[PDB]
């Protein structure tokens, strides 16, 4: 399992301490939202797989100038030969007109990587579950109209480069939108006795439903060979309805034990990253400040066996 190393806080431990926590807890992969020099210098030579992101504010530059892309790769990838880079995630939940820069930026970063002999590092992007117009039933999975406009080209690029699509999937957020619309147990991996039939397949949790819905949506744009990586998933420990340490532990521990089995339509391990390592005090007040597995003081918010 992997863990997202969010840094929107002013009281987190230093990078080398965090890298050490990953190692002592058995966390194999780390997702960074930007090429933080401290984190990259510290994670090198530790064996931890790294997903490094190109933040949304640099997308325009990477799309507009392939030279800028080669420079980005040189300064943030080639500069750290000891780091086990796995993917370069270009953008995170890019929206609006900025989506037009997505494919061009990915193409330019991809070209720069291959040229440096670093072509084993796959280029992808991370999308929100909100781009799904239909998630239930999974067999009818489709992207919304707006999303379909840019997702078509994105999915086709991933298919031709043999790169996976990254998706931030949060059963908690789908449920919290309207608590009366579905049983909480369905979103929490606690829906005993509940089997929602979709043709020949039976679903027991919202995570599987959403993952399979994404796969169906991708298949409609020529992406039947594209794998899905869950780049974010978690449950808040406070700040909102059902956001408690007990529910967060239940969700995350069940998630960890579940991803190796896969979904009804897609058996097999699903690469997953839990959001997030620490509670981040500089995010919005409410659930947003309570997504951490650890408190800034390094104490577990709740027990977890990775």
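Numbering follows the first chain given and starts at 1.
In this crystal structure, the stretch out of 262-270 and 52-60 whose C-alpha atoms carry the higher mean B factor is 52-60. According to the PDB record, 197-205 carries the higher mean C-alpha B-factor of the two stretches 227-235 and 197-205.
When the C-alpha B-factors of 188, 95, 166, 182 are ranked from the entry, the top spot goes to 95. In the PDB entry, the Cα temperature factor peaks, among 32, 243, 38, 68, at 68.
When the modelled residues of the chain are ordered by their C-alpha B factor, residue 15 lands in the lowest third. In the deposited entry, the Cα temperature factor of residue 150 places it in the highest third of its chain's modelled residues. Compared with the other modelled residues of the chain, the Cα B-factor recorded for residue 136 ranks in the lowest third.
Sort the chain's modelled residues by C-alpha temperature factor and residue 21 lands in the lowest third, per the entry.
Sort the chain's modelled residues by C-alpha temperature factor and residue 171 lands in the lowest third, per the entry.
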